[PDB]
Amino acid sequence: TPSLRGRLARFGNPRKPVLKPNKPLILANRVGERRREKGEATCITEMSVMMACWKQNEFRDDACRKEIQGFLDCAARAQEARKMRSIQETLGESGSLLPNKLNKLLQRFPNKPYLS
Amino acid sequence: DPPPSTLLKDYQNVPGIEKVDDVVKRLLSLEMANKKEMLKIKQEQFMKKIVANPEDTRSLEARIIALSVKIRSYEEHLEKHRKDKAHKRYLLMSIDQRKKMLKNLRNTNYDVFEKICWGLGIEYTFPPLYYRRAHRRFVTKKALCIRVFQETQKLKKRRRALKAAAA
Amino acid sequence: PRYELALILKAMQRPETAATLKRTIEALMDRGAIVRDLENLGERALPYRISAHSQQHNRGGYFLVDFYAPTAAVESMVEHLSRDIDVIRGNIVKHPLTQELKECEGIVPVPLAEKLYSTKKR
Amino acid sequence: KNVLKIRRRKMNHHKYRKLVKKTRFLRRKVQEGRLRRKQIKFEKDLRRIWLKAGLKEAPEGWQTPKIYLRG
Amino acid sequence: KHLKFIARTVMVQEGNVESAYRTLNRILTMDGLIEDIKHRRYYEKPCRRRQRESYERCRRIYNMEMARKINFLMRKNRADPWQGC
RNA sequence: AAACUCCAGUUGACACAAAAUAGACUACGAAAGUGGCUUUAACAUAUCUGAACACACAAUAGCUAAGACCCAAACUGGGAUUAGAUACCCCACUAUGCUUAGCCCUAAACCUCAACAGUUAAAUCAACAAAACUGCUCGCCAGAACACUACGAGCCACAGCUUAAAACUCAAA
RNA sequence: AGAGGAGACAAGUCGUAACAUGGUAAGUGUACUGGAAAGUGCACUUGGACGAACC
Ligand SMILES: [Mg+2]
Ligand SMILES: [Mg+2]
Ligand SMILES: [Mg+2]
Ligand SMILES: [Mg+2]
Ligand SMILES: [Mg+2]
Ligand SMILES: [Mg+2]
Ligand SMILES: [Mg+2]
Ligand SMILES: [Mg+2]
Ligand SMILES: [Mg+2]
Ligand SMILES: [Mg+2]
Ligand SMILES: [Mg+2]
Ligand SMILES: [Mg+2]
Ligand SMILES: [Mg+2]
Ligand SMILES: [Mg+2]
Ligand SMILES: [Mg+2]
């Protein structure tokens, strides 16, 4: 962990400040939400193969059946994988813990930046 | 400056240093050392020349001598680096500090102060009472006032001759 | 002071390398340096191509010249090495053995900084 | 904090600079005239200095310098 | 002036070009080259660079401390031993 | 779209420009500033405060004179957008950024938190911010706006900088 | 006395510069430019933010 001694601008700190945070460097009792990953267009390569075969075969499906089937299978796999990814996000196995359970854990042991 | 063949301050007081090879003497000479060794030799020479106790370094005289050596080094540095504002500031501040030290020494011990001034060639000058801008108008008016005073002195001198002759 | 001239010479046959080393050490002595040792690091392929005196060098012979020279001779020796054609690259440093290594007790741990913000409730 | 005071000063300075740009010739003429009158006043003061001292003319070899001209 | 096919080179294993490119990108990311290129596309003025560096250092400190706390408390995620009381 | 196609890609030769990673370090300097490498010189004061009456510095911008010019880029020109677009977007190029010799002396020059010595005791403490204080000294402040203004004065500065008012007005700021 | 400036009066007109990421973050110095707020270059400031474990 990087040192904080003599970094912030404080009384008794002779040097000019190193860090100028816009928020206090105090741990919050919550973590950020499970940020979604912006979806990218999928099955582009199979679509390209199918379209190139269409261009070579004058958009005749009979000749291109194999590539068309490959593109369709890739599209179905992508849709089913999106559904499975939603299921996995609900499960939370990939991460060490879901943000909700982590927020509960931090609620159980809150930060104490004050005296009592 | 001390001759380049002069041994270093540390090595000049080791026994048998005169019986070593000339190469060894070269290595331990000021020739084969940086300028700060020469400054230390100069400081030692000045202490032996001036102060009553050459072994005392906390005395005001020792501080004045060391600051004088530093000032000389700064001037030598600035003669080559004339655009070194940091060392220009160091030289000016050291000059002011030496003036303060000389004022204190003069107030405390006058005979030793005279010895310091003579040995180090310091011409202690009292600061002027008023530090005010001498702009063009003020300089011109001061010059004219001095010239007018001189002319009035000439006229007053000449006024006496006619009165003396008439009487 | 004590200097170490790290020298990269053009990959040549033994007579030419000997002549170049002799010329360099003689120049050092003429400028006033007392040469203490000449250490050969061998001939090796350069880490990167060096263009010196309109010639691209891929291999070079590495030597070290430890010496004691007056401070004024370093600039003159740098100029002389710049003018030399047999020297791929020459750099004079202050001798690393001169700087004594201060003893280190160990890595002193840095405790987490405290009392950076007032303990008032937020 | 907000920048309302800074904005007021900013507008004042911008309008002043634009005013100076608009009238930069009349201002220059007035400044030249003021420098002329300033030199005249300085010369009159020096004349008063040598007149109060009893000298009927300027001290020998003295010519009042033009200390306010651009040259 | 350096030799070629030594720096930033990753050998492909049994035609697994996908994994080779992933490894190369991971190397560039860990060494920080990708972020350096992205930031060097347009000039970052020194004040902006200092502000970004300060923000990233504060973010690193906060993220490392939060990760440390999470790892420290993760053992307490176990089942409730005194359920019902 | 305009523009360039004496263009683009590889390879080789290739700088008076700028200094990845180190740097998760927090150092040097009075401040401004300083993060490629080597060497030389070098970083005042054996109490503290102290100059706006001086001396010396002071980012960037800018002026003057001679050079460098890869790249960037005010202005300008073109393309685009727009109701218009004197801008944002794209392209080209200049002053300029660089070197040397003088000037200019200004910054949200702010870490808006003065120097030195000391305390955490309490009666801690308007609010926020970066906890509350004590001794000593210097500098500054005294409703808003007029006003980084006018006049006067000083300056190598001539559309400038420093110091800097007053009148009319309001019950606020 | 022709004019400039400030304030009040407060209209109408041309835009929407600032206050939200004010729709190009705002501002300081400075230079150039523009019907006008203003725009741009260079350095600086946070009196902006960057969502604050990994993803
Ligand atoms: Mg106004
Ligand atoms: Mg003092
Ligand atoms: Mg300057
Ligand atoms: Mg140019
Ligand atoms: Mg260009
Ligand atoms: Mg442009
Ligand atoms: Mg350069
Ligand atoms: Mg600053
Ligand atoms: Mg101003
Ligand atoms: Mg003024
Ligand atoms: Mg005036
Ligand atoms: Mg707006
Ligand atoms: Mg805006
Ligand atoms: Mg701006
Ligand atoms: Mg413009």
# chains A, B, ... in the order shown; residues from 1 in each chain; ligands from 1

$ interface_residues --of "chain G" --to "chain D" --cutoff "10 Å" --atoms "only C-alpha atoms (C1' of nucleotides)" --output "number ranges by chain"
G: 4-5, 18-19, 26-28, 37-38, 46-47

$ residues_near_ligand --ligand "ligand 15" --cutoff "7 Å" --atoms "only C-alpha atoms (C1' of nucleotides) and all ligand atoms" --output "ChimeraX atom specification"
/F:87 /G:33,39-40

$ residues_near_ligand --ligand "ligand 2" --cutoff "10 Å" --atoms "only C-alpha atoms (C1' of nucleotides) and all ligand atoms" --output "PyMOL selection string"
(chain B and resi 97) or (chain F and resi 45+48-50+115)

$ write_last_selection --atoms "N, CA and C atoms (P, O5', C5', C4', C3', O3' and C1' of nucleotides)" --output "PDB file, in the first residue's frame"
ATOM      1  N   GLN B  97      25.389  38.140   5.626  1.00  0.00           N
ATOM      2  CA  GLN B  97      25.662  37.416   6.861  1.00  0.00           C
ATOM      3  C   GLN B  97      27.032  37.773   7.415  1.00  0.00           C
TER       4      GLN B  97
ATOM      5  P     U F  45      26.662  28.546   6.030  1.00  0.00           P
ATOM      6  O5'   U F  45      26.046  29.559   7.089  1.00  0.00           O
ATOM      7  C5'   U F  45      26.746  30.733   7.469  1.00  0.00           C
ATOM      8  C4'   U F  45      25.918  31.578   8.399  1.00  0.00           C
ATOM      9  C3'   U F  45      25.313  30.844   9.584  1.00  0.00           C
ATOM     10  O3'   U F  45      26.222  30.677  10.656  1.00  0.00           O
ATOM     11  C1'   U F  45      23.648  32.145   8.538  1.00  0.00           C
ATOM     12  P     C F  48      18.944  31.611  13.694  1.00  0.00           P
ATOM     13  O5'   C F  48      17.503  32.222  13.974  1.00  0.00           O
ATOM     14  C5'   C F  48      16.405  31.376  14.265  1.00  0.00           C
ATOM     15  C4'   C F  48      15.232  32.156  14.797  1.00  0.00           C
ATOM     16  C3'   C F  48      14.692  33.249  13.894  1.00  0.00           C
ATOM     17  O3'   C F  48      13.861  32.763  12.858  1.00  0.00           O
ATOM     18  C1'   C F  48      14.908  34.081  16.087  1.00  0.00           C
ATOM     19  P     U F  49      13.796  33.546  11.460  1.00  0.00           P
ATOM     20  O5'   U F  49      12.946  34.848  11.793  1.00  0.00           O
ATOM     21  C5'   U F  49      11.586  34.752  12.180  1.00  0.00           C
ATOM     22  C4'   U F  49      10.993  36.115  12.420  1.00  0.00           C
ATOM     23  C3'   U F  49      11.208  37.131  11.313  1.00  0.00           C
ATOM     24  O3'   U F  49      10.254  37.008  10.276  1.00  0.00           O
ATOM     25  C1'   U F  49      11.727  38.107  13.404  1.00  0.00           C
ATOM     26  P     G F  50      10.670  37.299   8.756  1.00  0.00           P
ATOM     27  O5'   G F  50      11.090  38.832   8.760  1.00  0.00           O
ATOM     28  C5'   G F  50      10.123  39.850   8.957  1.00  0.00           C
ATOM     29  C4'   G F  50      10.774  41.170   9.277  1.00  0.00           C
ATOM     30  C3'   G F  50      11.646  41.758   8.185  1.00  0.00           C
ATOM     31  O3'   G F  50      10.891  42.454   7.215  1.00  0.00           O
ATOM     32  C1'   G F  50      12.792  41.852  10.244  1.00  0.00           C
ATOM     33  P     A F 115       5.345  29.630   7.491  1.00  0.00           P
ATOM     34  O5'   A F 115       6.520  30.418   8.217  1.00  0.00           O
ATOM     35  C5'   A F 115       7.575  31.005   7.471  1.00  0.00           C
ATOM     36  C4'   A F 115       8.570  31.680   8.375  1.00  0.00           C
ATOM     37  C3'   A F 115       8.939  30.912   9.630  1.00  0.00           C
ATOM     38  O3'   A F 115       9.915  29.916   9.390  1.00  0.00           O
ATOM     39  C1'   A F 115       8.464  33.150  10.193  1.00  0.00           C
TER      40        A F 115
END

$ residues_around --residues "region 15-25 of chain C" --least-positions-apart "2" --cutoff "10 Å" --atoms "only C-alpha atoms (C1' of nucleotides)" --output "number ranges by chain"
C: 7, 9-13, 27-31, 33-35, 38, 61, 63, 65, 67, 77, 80-81, 84-87

$ write_last_selection --atoms "N, CA, C and O atoms" --output "short mmCIF file (atom, residue, chain, number, x, y, z; two decimals), in the first residue's frame"
data_model
loop_
_atom_site.label_atom_id
_atom_site.label_comp_id
_atom_site.auth_asym_id
_atom_site.auth_seq_id
_atom_site.Cartn_x
_atom_site.Cartn_y
_atom_site.Cartn_z
N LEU C 7 35.22 2.51 -22.08
CA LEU C 7 35.59 2.73 -23.46
C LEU C 7 35.06 1.58 -24.31
O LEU C 7 35.25 0.41 -23.97
N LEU C 9 35.65 0.44 -28.05
CA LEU C 9 36.49 0.61 -29.22
C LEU C 9 35.96 -0.20 -30.38
O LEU C 9 35.33 -1.25 -30.19
N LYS C 10 36.22 0.29 -31.59
CA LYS C 10 35.85 -0.43 -32.80
C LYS C 10 36.48 -1.81 -32.81
O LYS C 10 37.66 -1.97 -32.46
N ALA C 11 35.70 -2.81 -33.20
CA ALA C 11 36.19 -4.18 -33.25
C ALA C 11 37.29 -4.30 -34.30
O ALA C 11 37.01 -4.29 -35.51
N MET C 12 38.53 -4.41 -33.85
CA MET C 12 39.69 -4.45 -34.73
C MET C 12 40.56 -5.64 -34.36
O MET C 12 40.29 -6.36 -33.39
N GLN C 13 41.61 -5.86 -35.14
CA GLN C 13 42.58 -6.88 -34.79
C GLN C 13 43.43 -6.42 -33.60
O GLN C 13 43.43 -5.25 -33.22
N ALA C 27 47.31 9.71 -23.94
CA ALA C 27 46.59 10.98 -23.87
C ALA C 27 46.17 11.29 -22.44
O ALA C 27 46.30 12.44 -21.99
N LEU C 28 45.69 10.29 -21.71
CA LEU C 28 45.33 10.49 -20.31
C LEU C 28 46.53 10.95 -19.50
O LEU C 28 46.44 11.90 -18.72
N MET C 29 47.68 10.29 -19.69
CA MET C 29 48.88 10.68 -18.97
C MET C 29 49.33 12.09 -19.34
O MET C 29 49.75 12.86 -18.48
N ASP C 30 49.24 12.43 -20.63
CA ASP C 30 49.64 13.76 -21.08
C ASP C 30 48.77 14.84 -20.45
O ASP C 30 49.26 15.91 -20.08
N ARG C 31 47.47 14.57 -20.33
CA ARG C 31 46.58 15.52 -19.67
C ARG C 31 46.77 15.56 -18.16
O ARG C 31 46.16 16.40 -17.50
N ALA C 33 46.66 12.58 -16.01
CA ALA C 33 46.09 11.47 -15.26
C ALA C 33 47.15 10.44 -14.90
O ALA C 33 48.10 10.19 -15.66
N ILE C 34 46.98 9.84 -13.73
CA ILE C 34 47.77 8.70 -13.29
C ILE C 34 46.92 7.45 -13.50
O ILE C 34 45.96 7.23 -12.76
N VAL C 35 47.24 6.67 -14.53
CA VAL C 35 46.47 5.47 -14.82
C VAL C 35 46.85 4.37 -13.85
O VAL C 35 48.03 4.06 -13.67
N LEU C 38 44.02 -1.03 -16.38
CA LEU C 38 43.29 -1.14 -17.64
C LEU C 38 42.66 -2.52 -17.68
O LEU C 38 43.36 -3.53 -17.76
N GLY C 61 34.78 -3.63 -28.58
CA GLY C 61 35.62 -4.09 -27.50
C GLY C 61 35.51 -3.16 -26.32
O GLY C 61 35.71 -1.95 -26.45
N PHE C 63 36.57 -1.78 -22.63
CA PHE C 63 37.70 -1.63 -21.73
C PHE C 63 37.35 -0.61 -20.66
O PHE C 63 36.44 0.20 -20.81
N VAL C 65 39.44 2.15 -17.99
CA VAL C 65 40.67 2.80 -17.58
C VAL C 65 40.38 3.49 -16.26
O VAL C 65 39.71 4.53 -16.23
N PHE C 67 41.74 5.72 -13.31
CA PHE C 67 42.84 6.67 -13.20
C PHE C 67 42.50 7.75 -12.20
O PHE C 67 41.36 7.87 -11.75
N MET C 77 39.90 15.29 -21.98
CA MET C 77 39.87 13.88 -22.38
C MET C 77 38.58 13.54 -23.11
O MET C 77 38.59 12.74 -24.05
N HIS C 80 39.07 14.75 -26.55
CA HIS C 80 39.99 13.88 -27.28
C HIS C 80 39.30 12.59 -27.72
O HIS C 80 39.50 12.13 -28.86
N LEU C 81 38.50 11.99 -26.85
CA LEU C 81 37.77 10.78 -27.22
C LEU C 81 36.73 11.07 -28.29
O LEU C 81 36.47 10.22 -29.15
N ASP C 84 38.61 11.12 -31.53
CA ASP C 84 39.18 9.84 -31.94
C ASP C 84 38.21 9.08 -32.84
O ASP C 84 36.99 9.19 -32.69
N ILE C 85 38.77 8.31 -33.77
CA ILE C 85 37.97 7.57 -34.74
C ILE C 85 37.86 6.11 -34.33
O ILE C 85 36.89 5.42 -34.69
N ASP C 86 38.84 5.61 -33.59
CA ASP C 86 38.85 4.22 -33.17
C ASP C 86 37.97 3.96 -31.96
O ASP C 86 37.75 2.79 -31.61
N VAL C 87 37.46 5.00 -31.32
CA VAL C 87 36.62 4.87 -30.14
C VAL C 87 35.17 4.95 -30.59
O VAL C 87 34.72 5.99 -31.08
#

$ residues_around --residues "region 158-170 of chain F" --least-positions-apart "2" --cutoff "7 Å" --atoms "only C-alpha atoms (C1' of nucleotides)" --output "PDB file with N, CA, C and O atoms (P, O5', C5', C4', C3', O3' and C1' of nucleotides), in the first residue's frame"
ATOM      1  N   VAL D  20      -9.502  50.643 -23.655  1.00  0.00           N
ATOM      2  CA  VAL D  20      -8.152  51.109 -23.953  1.00  0.00           C
ATOM      3  C   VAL D  20      -7.830  50.892 -25.424  1.00  0.00           C
ATOM      4  O   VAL D  20      -7.257  51.767 -26.084  1.00  0.00           O
ATOM      5  N   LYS D  21      -8.196  49.727 -25.960  1.00  0.00           N
ATOM      6  CA  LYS D  21      -7.963  49.461 -27.375  1.00  0.00           C
ATOM      7  C   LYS D  21      -8.717  50.448 -28.254  1.00  0.00           C
ATOM      8  O   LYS D  21      -8.181  50.930 -29.259  1.00  0.00           O
ATOM      9  N   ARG D  24      -6.938  54.060 -27.978  1.00  0.00           N
ATOM     10  CA  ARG D  24      -5.501  53.981 -27.754  1.00  0.00           C
ATOM     11  C   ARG D  24      -4.726  55.115 -28.408  1.00  0.00           C
ATOM     12  O   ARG D  24      -3.526  55.246 -28.148  1.00  0.00           O
TER      13      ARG D  24
ATOM     14  P     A F 172     -32.244  44.742   2.441  1.00  0.00           P
ATOM     15  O5'   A F 172     -31.490  43.615   1.611  1.00  0.00           O
ATOM     16  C5'   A F 172     -30.165  43.234   1.944  1.00  0.00           C
ATOM     17  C4'   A F 172     -29.154  43.972   1.106  1.00  0.00           C
ATOM     18  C3'   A F 172     -28.028  43.136   0.535  1.00  0.00           C
ATOM     19  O3'   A F 172     -28.412  42.435  -0.634  1.00  0.00           O
ATOM     20  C1'   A F 172     -27.141  45.106   1.487  1.00  0.00           C
TER      21        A F 172
ATOM     22  P     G G   7     -21.154  50.039 -13.201  1.00  0.00           P
ATOM     23  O5'   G G   7     -22.322  50.706 -12.353  1.00  0.00           O
ATOM     24  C5'   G G   7     -22.166  50.916 -10.960  1.00  0.00           C
ATOM     25  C4'   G G   7     -23.183  51.892 -10.425  1.00  0.00           C
ATOM     26  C3'   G G   7     -24.631  51.621 -10.783  1.00  0.00           C
ATOM     27  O3'   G G   7     -25.218  50.596 -10.004  1.00  0.00           O
ATOM     28  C1'   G G   7     -24.164  53.914 -11.066  1.00  0.00           C
ATOM     29  P     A G   8     -26.398  49.698 -10.620  1.00  0.00           P
ATOM     30  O5'   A G   8     -27.664  50.664 -10.606  1.00  0.00           O
ATOM     31  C5'   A G   8     -28.180  51.169  -9.383  1.00  0.00           C
ATOM     32  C4'   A G   8     -29.093  52.349  -9.606  1.00  0.00           C
ATOM     33  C3'   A G   8     -30.339  52.092 -10.435  1.00  0.00           C
ATOM     34  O3'   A G   8     -31.383  51.490  -9.691  1.00  0.00           O
ATOM     35  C1'   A G   8     -29.300  54.084 -11.165  1.00  0.00           C
TER      36        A G   8
END

$ residues_near_ligand --ligand "ligand 7" --cutoff "8 Å" --atoms "only C-alpha atoms (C1' of nucleotides) and all ligand atoms" --output "VMD selection string"
chain F and resid 16 to 18 98

$ residues_near_ligand --ligand "ligand 9" --cutoff "8 Å" --atoms "only C-alpha atoms (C1' of nucleotides) and all ligand atoms" --output "list in words"
residues 106 and 148 of chain F; 29 of chain G

$ write_last_selection --atoms "C-alpha atoms (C1' of nucleotides)" --output "PDB file, in the first residue's frame"
ATOM      1  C1'   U F 106       2.707  39.632 -14.398  1.00  0.00           C
ATOM      2  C1'   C F 148      -6.509  44.831 -11.101  1.00  0.00           C
TER       3        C F 148
ATOM      4  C1'   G G  29      -1.846  35.705 -16.229  1.00  0.00           C
TER       5        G G  29
END

$ residues_near_ligand --ligand "ligand 5" --cutoff "12 Å" --atoms "only C-alpha atoms (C1' of nucleotides) and all ligand atoms" --output "number ranges by chain"
F: 69-73, 91-94
